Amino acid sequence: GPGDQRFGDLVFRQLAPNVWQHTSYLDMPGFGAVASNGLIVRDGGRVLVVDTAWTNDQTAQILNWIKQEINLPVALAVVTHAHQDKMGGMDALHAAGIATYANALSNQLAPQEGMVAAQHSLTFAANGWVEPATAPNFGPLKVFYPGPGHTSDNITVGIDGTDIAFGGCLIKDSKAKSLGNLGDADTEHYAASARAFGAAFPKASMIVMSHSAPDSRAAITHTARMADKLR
């Protein structure tokens, strides 16, 4: 094969014939450089983005990479929760004229989290699945709210026609020593949420997450086990 492509300050790794993982890095004091992962999906004739990079400039570099390597318009972008690593680059999307979507609760939280709100709000049915009327032209993206975990507003996405499911920062890999930043976490409902995500995408084999390489379903089980210790 061919190695993961370096473009600007970013790294792109193709997970499927129409799916790529974009990675951006931010220096955290004494922690070294921290990677944050999102996704890029090619649907027929347009591109779909999941999550921004840490910053606007990094997010602009993503759009440049798409123009160079895919050359299709970015129809929309969905962000998974109101934290810098997922919504830090909203202005870059808006400057490019891209319709952005986020959980309604994420947009509510954006000001207190110091984030720019998305332009459109997603609402989810009682069973967790997004109400289609609020998510037009999402194509293969299946959006699902598993409940409060990493944050109160974290959502997850599965890509129809693939074995991929993106858990975002809700899920950690199968050997993570902790659930990381629990500043805005719901310790009570966390465990139940990770298990809901797994049940929502029962056939997904490649689990993509924010802070490590794609893992198996062992990531879901392992994350839930760690979450049980919080309640």
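For every residue, the number given is its place in the sequence shown, counted from 1.
Chemist: Got a sec? Mean C-alpha B-factor, which is higher, 208-216 or 21-29?
Modeler: The deposited B-factors put 21-29 ahead on the C-alpha mean.
Chemist: Should the higher mean CA B-factor in the entry be assigned to 67-75 or to 88-96?
Modeler: Per the PDB entry, the higher value belongs to 67-75.
Chemist: Between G161, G147, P111, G158, where does the Cα B-factor run highest in the record?
Modeler: Most elevated C-alpha B-factor of the set, per the entry: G161.
Chemist: When you compare the CA B-factors of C169, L48, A35, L179 as listed in the entry, which one comes out on top?
Modeler: Spelled out: the listed residue with the top C-alpha B-factor is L179.
Chemist: Lowest, middle or highest third: where is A133 by Cα B-factor in its chain?
Modeler: As the PDB entry reports it, the C-alpha B-factor of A133 lands in the middle third of its chain.
Chemist: Among the chain's modelled residues, which third holds the C-alpha B-factor of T187?
Modeler: It falls in the top third of the chain.
Chemist: Could you tell me which third, lowest, middle or highest, the C-alpha B-factor of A126 occupies within its chain?
Modeler: Its C-alpha B-factor, which the entry lists for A126, ranks in the highest third among residues of this chain.
Chemist: Please say which third, lowest, middle or highest, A165 falls into when its CA temperature factor is compared across its chain.
Modeler: For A165, whose C-alpha B-factor we compare with every modelled residue in the chain, the answer is the lowest third.
Chemist: Would the CA B-factor of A199 place it in the lowest, middle or highest third of its chain?
Modeler: Middle third of the chain for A199's C-alpha B-factor.
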